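Working notes, structure below.
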Amino acid sequence: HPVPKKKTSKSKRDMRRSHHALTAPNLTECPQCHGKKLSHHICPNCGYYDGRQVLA
Amino acid sequence: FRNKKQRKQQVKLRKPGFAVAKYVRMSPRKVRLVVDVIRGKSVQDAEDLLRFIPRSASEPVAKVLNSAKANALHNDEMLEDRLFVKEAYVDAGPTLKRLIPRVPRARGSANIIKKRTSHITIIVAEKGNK
Amino acid sequence: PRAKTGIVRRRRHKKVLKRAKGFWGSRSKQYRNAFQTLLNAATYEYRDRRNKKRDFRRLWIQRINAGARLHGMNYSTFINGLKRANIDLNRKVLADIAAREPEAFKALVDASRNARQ
Amino acid sequence: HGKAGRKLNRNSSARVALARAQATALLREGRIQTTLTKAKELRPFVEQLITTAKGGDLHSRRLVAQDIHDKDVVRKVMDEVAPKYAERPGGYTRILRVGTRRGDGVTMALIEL
RNA sequence: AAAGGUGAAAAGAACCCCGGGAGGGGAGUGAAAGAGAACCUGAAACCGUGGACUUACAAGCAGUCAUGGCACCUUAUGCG
RNA sequence: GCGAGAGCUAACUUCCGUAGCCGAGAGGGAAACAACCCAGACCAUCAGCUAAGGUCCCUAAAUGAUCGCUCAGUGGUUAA
RNA sequence: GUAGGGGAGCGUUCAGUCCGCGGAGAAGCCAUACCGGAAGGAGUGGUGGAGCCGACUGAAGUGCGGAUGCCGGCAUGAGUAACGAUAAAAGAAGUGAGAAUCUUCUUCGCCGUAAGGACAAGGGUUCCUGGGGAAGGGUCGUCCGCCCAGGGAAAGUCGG
Ligand SMILES: [Mg+2]
Ligand SMILES: [Mg+2]
Ligand SMILES: [Mg+2]
Ligand SMILES: [Mg+2]
Ligand SMILES: [Mg+2]
Ligand SMILES: [Mg+2]
Ligand SMILES: [Mg+2]
Ligand SMILES: [Mg+2]
Ligand SMILES: [Mg+2]
Ligand SMILES: [Mg+2]
Ligand SMILES: [Mg+2]
Ligand SMILES: [Mg+2]
Ligand SMILES: [Mg+2]
């Protein structure tokens, strides 16, 4: 059964989509290889997290 | 000035800071989400965010951002340390079809369609506001 | 020979459409709903055009007896005493004489009084 | 209000054979990288297993021999790996998160010995 | 079944830049590339980007009339 | 509404007479409301008089004047 | 003022005349506060790039909001429901522009009168090798039963 009654307008619809706004990563520059990494993980560039970890 | 075609031939029409991804098979509605964070901040940040943004649309949006910086830096002789997204936006696409579902009003009903809808374009300028 | 509908419909439609301006959503954009908005729009146009005169009547009166009352009479009493004097066929829009120019309206009041007792 | 000590992802038998296999591998390689949560599961299961191993008796070794099915792996944990941690109050495993992934968008990590 | 159109002429884009690519930005040819091979025009629905005025105690066939604020002055400082 | 029948001297009933409206009739009144009351819209007006209806505030217009009545909110539900 | 009748006209294609306009740019499209009693008609500005107004007369496939009307295009439902058996997968290693998915190793779970193997019908190069990455694959894709090219199929006795 249960279908929608009318089409929804552009206005109300985008009003619905009010909330889907993306949160961009809050970044920080790595103290070691000087490229921007992500908090509480490894800097993908050097591999350094407190001294050194992954080999890249 | 002179007239119409005079202006037409004394002037060649540049496009500073501009580049466009046509036809990337993807839905533009998605791609807008990626793009919206980029727009307005310095092309460096833009490269960073885009490196670290979990959407797959992030990928060709970064691929384009550079080309438009690359166009700015070479063809427009601009300053990469004054550089920022002046504008970016996404639309269109010749939404794809093979038309393999020949439709006799039945038995497959309605499905599929795969939007080509991307058309990602970004435009770079120098701040100079300071 | 045939005459295709070309550029005829489109023109008419474009005209209707252009009549629609600050019209909300669908009304201002797609034809049919615009046009049929414009039917009721006609109705309200002509009828309110006959109306606004009743409206302004109301307003002016509503001022006049206001000032009258500021002086101790009322619209009934004020126009009664004023017109009781063949003096004033004054009538129309006299409201702004009450609003803008008080001393005048005062004199008209006292005139309406001498025309009573 | 669901409240308990355990996490599962798949069924009851699976979470075993898997936690057994991942323990087996981390002890084999010394570091592996897997999805972050799966690593969080792996940590204390393998840690307790390091402690069955130290203490060094045949009993201990046959306890280990239940979860760890590769005789080479167990001999390594028992003879090489176990004893090596001695003055260790217990608990060498640490967890490092690497970063998100392409296909499924899952953040992944290294668990290391 | 639907299915047509670069340009007068292939002169149909050497070379360079971003990219594995697709794609585009220059250069060049051309009257024009505001013609580039998804190549005449290119309406409308429909999706966006920027701007102007606006909106988070109000019951709404979306209009209509009346007045005030604000912004703009190419049939256009007025009955705008 | 009137004058009858069928009906229960019931029906936003059914069937004839008879005026008027609706139908094909906008405007004012009856809060709302085809028919009821007043009045038939050629077009413009930020002019005036009235009709039915009204003149405490939502709403224009006497919180009128004089002689009573009614203390029940009767007004603003019916009878033996 | 509804069916209905009567009167004047507007706009569109074609045709004959008349007057002409156009690469210093036609029609068409775009905007627009002007004109007309209405259908409507001009003024200029932007697009366009090869043709076209005005007048008179004549002829019409000649005027759309409806017909659950026709072809097409694009919305809403929405980033929703789903991604086609609840036989789980795991780590290392390789390759690559990019790998949860392709390759290898080592384990794991599943069928085992099958979910193994061989034929018939039917399908028609789907086989093999080397490539390829558009679409097809319900994600991905370096991969494939998809795309390209080359190769491969042997009968006196089997079946006819
Ligand atoms: Mg609890
Ligand atoms: Mg819990
Ligand atoms: Mg079991
Ligand atoms: Mg003005
Ligand atoms: Mg009846
Ligand atoms: Mg009533
Ligand atoms: Mg999802
Ligand atoms: Mg829903
Ligand atoms: Mg849900
Ligand atoms: Mg499946
Ligand atoms: Mg399994
Ligand atoms: Mg079995
Ligand atoms: Mg795919």
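So you can find residues: chains in the structure tokens are A, B, ... in the order shown, residues in each start at 1, and ligands are numbered from 1 in order.
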Test item: chain D residues at most 12 Å from chain B, counting only C-alpha atoms, as a VMD selection string: chain D and resid 99 to 107
Convert the current residue selection to file output with C-alpha atoms, as a PDB file, in the first residue's frame.
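Writing the result to out.pdb gives the following:
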```pdb
ATOM      1  CA  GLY D  99      43.660   5.326   8.682  1.00  0.00           C
ATOM      2  CA  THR D 100      40.548   4.852   6.566  1.00  0.00           C
ATOM      3  CA  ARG D 101      40.228   2.438   3.626  1.00  0.00           C
ATOM      4  CA  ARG D 102      39.099   2.706   0.001  1.00  0.00           C
ATOM      5  CA  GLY D 103      36.519   0.062  -0.816  1.00  0.00           C
ATOM      6  CA  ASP D 104      34.377  -0.119   2.326  1.00  0.00           C
ATOM      7  CA  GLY D 105      35.420   3.161   3.899  1.00  0.00           C
ATOM      8  CA  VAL D 106      36.479   1.386   7.112  1.00  0.00           C
ATOM      9  CA  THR D 107      39.204   2.824   9.338  1.00  0.00           C
TER      10      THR D 107
END
```
Contacts of residue 82 in chain D within 8 Å, only C-alpha atoms (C1' of nucleotides), excl. fewer than 5 positions in-chain, as a VMD selection string: chain D and resid 50 to 51 53 to 54 77
Could you dump the residues just selected with N, CA, C and O atoms as a PDB file, in the first residue's frame?
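Dumped everything to part-v9.pdb:
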```pdb
ATOM      1  N   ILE D  50      49.128 -15.035  25.873  1.00  0.00           N
ATOM      2  CA  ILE D  50      50.538 -14.879  26.218  1.00  0.00           C
ATOM      3  C   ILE D  50      50.736 -15.368  27.636  1.00  0.00           C
ATOM      4  O   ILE D  50      51.751 -15.984  27.924  1.00  0.00           O
ATOM      5  N   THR D  51      49.762 -15.156  28.514  1.00  0.00           N
ATOM      6  CA  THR D  51      49.966 -15.570  29.909  1.00  0.00           C
ATOM      7  C   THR D  51      49.771 -17.068  30.193  1.00  0.00           C
ATOM      8  O   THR D  51      50.367 -17.607  31.128  1.00  0.00           O
ATOM      9  N   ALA D  53      50.863 -19.221  28.146  1.00  0.00           N
ATOM     10  CA  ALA D  53      52.169 -19.665  27.660  1.00  0.00           C
ATOM     11  C   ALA D  53      53.313 -19.509  28.667  1.00  0.00           C
ATOM     12  O   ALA D  53      54.075 -20.452  28.908  1.00  0.00           O
ATOM     13  N   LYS D  54      53.464 -18.324  29.244  1.00  0.00           N
ATOM     14  CA  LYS D  54      54.435 -18.197  30.324  1.00  0.00           C
ATOM     15  C   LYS D  54      53.951 -18.964  31.556  1.00  0.00           C
ATOM     16  O   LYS D  54      52.760 -19.098  31.792  1.00  0.00           O
ATOM     17  N   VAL D  77      55.591 -19.236  20.506  1.00  0.00           N
ATOM     18  CA  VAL D  77      55.035 -18.427  21.575  1.00  0.00           C
ATOM     19  C   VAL D  77      55.559 -18.901  22.901  1.00  0.00           C
ATOM     20  O   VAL D  77      55.852 -18.109  23.780  1.00  0.00           O
TER      21      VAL D  77
END
```
Within 7 Å of range 18-26 of chain A using only C-alpha atoms (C1' of nucleotides), minus same-chain residues under 3 positions, as a ChimeraX atom specification: /A:14-15 /B:33,37,49,52-53
10 Å shell around ligand 5 using only C-alpha atoms (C1' of nucleotides) and all ligand atoms, listed as a PyMOL selection string: chain F and resi 11-14
10 Å contact set for residue 50 in chain A, only C-alpha atoms (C1' of nucleotides), chain neighbours under 3 positions out, as a PyMOL selection string: chain A and resi 31-32+42+47+53
Put those residues in a file: N, CA, C and O atoms, as a short mmCIF file (atom, residue, chain, number, x, y, z; two decimals), in the first residue's frame.
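Output file out.cif is given in full below:
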```
data_model
loop_
_atom_site.label_atom_id
_atom_site.label_comp_id
_atom_site.auth_asym_id
_atom_site.auth_seq_id
_atom_site.Cartn_x
_atom_site.Cartn_y
_atom_site.Cartn_z
N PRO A 31 54.33 16.86 13.14
CA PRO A 31 55.55 17.43 13.72
C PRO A 31 56.84 16.90 13.07
O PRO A 31 57.93 17.44 13.32
N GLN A 32 56.73 15.82 12.29
CA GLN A 32 57.90 15.13 11.76
C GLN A 32 58.11 15.33 10.26
O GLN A 32 59.08 15.96 9.88
N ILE A 42 48.53 7.87 12.72
CA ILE A 42 49.82 8.02 12.07
C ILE A 42 49.79 8.93 10.85
O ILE A 42 48.86 8.86 10.01
N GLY A 47 55.30 8.22 8.36
CA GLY A 47 55.00 7.04 9.15
C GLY A 47 55.17 7.30 10.64
O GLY A 47 54.93 6.41 11.44
N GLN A 53 56.71 4.71 12.87
CA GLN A 53 55.93 3.45 12.84
C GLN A 53 55.85 2.67 11.53
O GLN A 53 56.55 1.69 11.35
#
```
In range 6-113 of chain D, DSSP helix (DSSP H, G or I) residues written as JSON, numbers by chain: {"D": [12, 13, 14, 15, 16, 17, 18, 19, 20, 21, 22, 23, 24, 25, 26, 27, 28, 29, 36, 37, 38, 39, 40, 41, 42, 43, 44, 45, 46, 47, 48, 49, 50, 51, 52, 53, 58, 59, 60, 61, 62, 63, 64, 65, 66, 67, 71, 72, 73, 74, 75, 76, 77, 78, 79, 80, 81, 82, 83, 84]}
Contact residues (chain A, partner chain C, 10 Å, only C-alpha atoms) as a ChimeraX atom specification: /A:9-11
Distance filter 10 Å, only C-alpha atoms (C1' of nucleotides), chain A against chain G, as a list in words: residues 3, 4, 5, 6, 7, 8, 9, 10, 13, 17 and 20 of chain A
Export of the given selection (N, CA and C atoms) as a PDB file, in the first residue's frame:
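See result36.pdb below for the written result:
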```pdb
ATOM      1  N   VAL A   3       1.742   4.740  -0.284  1.00  0.00           N
ATOM      2  CA  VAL A   3       2.377   5.736  -1.161  1.00  0.00           C
ATOM      3  C   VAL A   3       2.274   7.179  -0.603  1.00  0.00           C
ATOM      4  N   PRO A   4       3.090   8.132  -1.137  1.00  0.00           N
ATOM      5  CA  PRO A   4       2.983   9.572  -0.863  1.00  0.00           C
ATOM      6  C   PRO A   4       1.871  10.254  -1.656  1.00  0.00           C
ATOM      7  N   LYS A   5       1.297  11.317  -1.086  1.00  0.00           N
ATOM      8  CA  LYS A   5       0.102  11.969  -1.625  1.00  0.00           C
ATOM      9  C   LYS A   5       0.343  12.864  -2.841  1.00  0.00           C
ATOM     10  N   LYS A   6       1.185  13.891  -2.687  1.00  0.00           N
ATOM     11  CA  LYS A   6       1.618  14.751  -3.794  1.00  0.00           C
ATOM     12  C   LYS A   6       3.133  14.608  -3.997  1.00  0.00           C
ATOM     13  N   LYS A   7       3.691  15.233  -5.020  1.00  0.00           N
ATOM     14  CA  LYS A   7       5.139  15.411  -5.051  1.00  0.00           C
ATOM     15  C   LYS A   7       5.495  16.378  -3.909  1.00  0.00           C
ATOM     16  N   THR A   8       6.690  16.288  -3.350  1.00  0.00           N
ATOM     17  CA  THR A   8       7.080  17.338  -2.419  1.00  0.00           C
ATOM     18  C   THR A   8       7.749  18.472  -3.193  1.00  0.00           C
ATOM     19  N   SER A   9       7.496  19.704  -2.776  1.00  0.00           N
ATOM     20  CA  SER A   9       8.081  20.856  -3.444  1.00  0.00           C
ATOM     21  C   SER A   9       9.595  20.883  -3.295  1.00  0.00           C
ATOM     22  N   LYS A  10      10.259  21.575  -4.210  1.00  0.00           N
ATOM     23  CA  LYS A  10      11.676  21.875  -4.088  1.00  0.00           C
ATOM     24  C   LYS A  10      11.998  22.500  -2.732  1.00  0.00           C
ATOM     25  N   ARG A  13      11.536  19.972   0.308  1.00  0.00           N
ATOM     26  CA  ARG A  13      12.528  18.921   0.108  1.00  0.00           C
ATOM     27  C   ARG A  13      13.943  19.357   0.489  1.00  0.00           C
ATOM     28  N   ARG A  17      16.787  18.317   3.342  1.00  0.00           N
ATOM     29  CA  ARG A  17      18.203  18.034   3.110  1.00  0.00           C
ATOM     30  C   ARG A  17      19.078  19.036   3.851  1.00  0.00           C
ATOM     31  N   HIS A  20      22.318  17.302   5.829  1.00  0.00           N
ATOM     32  CA  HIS A  20      23.247  16.346   5.248  1.00  0.00           C
ATOM     33  C   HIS A  20      24.600  17.002   5.017  1.00  0.00           C
TER      34      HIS A  20
END
```
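Note that the spacing between CA of residue 66 in chain C and CA of residue 88 in chain C amounts to 19.1 Å.
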Env. residues ligand 3 / 10 Å / only C-alpha atoms (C1' of nucleotides) and all ligand atoms / as a PyMOL selection string: chain D and resi 11-14
Just to be explicit: take each residue in the selection above, keep N, CA, C and O atoms, and write the result as an mmCIF file, in the first residue's frame.
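Saved as result_38.cif:
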```
data_model
loop_
_atom_site.group_PDB
_atom_site.id
_atom_site.type_symbol
_atom_site.label_atom_id
_atom_site.label_comp_id
_atom_site.auth_asym_id
_atom_site.auth_seq_id
_atom_site.Cartn_x
_atom_site.Cartn_y
_atom_site.Cartn_z
ATOM 1 N N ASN D 11 28.560 -14.935 13.828
ATOM 2 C CA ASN D 11 27.906 -15.856 14.782
ATOM 3 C C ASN D 11 28.719 -16.276 16.018
ATOM 4 O O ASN D 11 29.680 -15.624 16.390
ATOM 5 N N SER D 12 28.282 -17.309 16.718
ATOM 6 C CA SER D 12 29.049 -17.779 17.878
ATOM 7 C C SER D 12 30.324 -18.619 17.558
ATOM 8 O O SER D 12 31.338 -18.503 18.235
ATOM 9 N N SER D 13 30.268 -19.459 16.534
ATOM 10 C CA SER D 13 31.380 -20.343 16.220
ATOM 11 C C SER D 13 32.445 -19.582 15.458
ATOM 12 O O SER D 13 33.661 -19.848 15.583
ATOM 13 N N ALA D 14 31.974 -18.637 14.657
ATOM 14 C CA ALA D 14 32.841 -17.840 13.826
ATOM 15 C C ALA D 14 33.769 -17.059 14.698
ATOM 16 O O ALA D 14 34.977 -17.149 14.508
#
```
Expected answer as a PyMOL selection string: residues within 9 Å of ligand 1, only C-alpha atoms (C1' of nucleotides) and all ligand atoms: chain D and resi 1-4
Selection file, C-alpha atoms, as an mmCIF file, in the first residue's frame:
```
data_model
loop_
_atom_site.group_PDB
_atom_site.id
_atom_site.type_symbol
_atom_site.label_atom_id
_atom_site.label_comp_id
_atom_site.auth_asym_id
_atom_site.auth_seq_id
_atom_site.Cartn_x
_atom_site.Cartn_y
_atom_site.Cartn_z
ATOM 1 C CA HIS D 1 18.995 -2.644 28.017
ATOM 2 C CA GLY D 2 21.615 -4.945 26.435
ATOM 3 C CA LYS D 3 24.567 -5.277 28.805
ATOM 4 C CA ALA D 4 27.417 -7.888 28.688
#
```
Nearby residues, ligand 4, 7 Å, only C-alpha atoms (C1' of nucleotides) and all ligand atoms, as a ChimeraX atom specification: /E:77-78,80
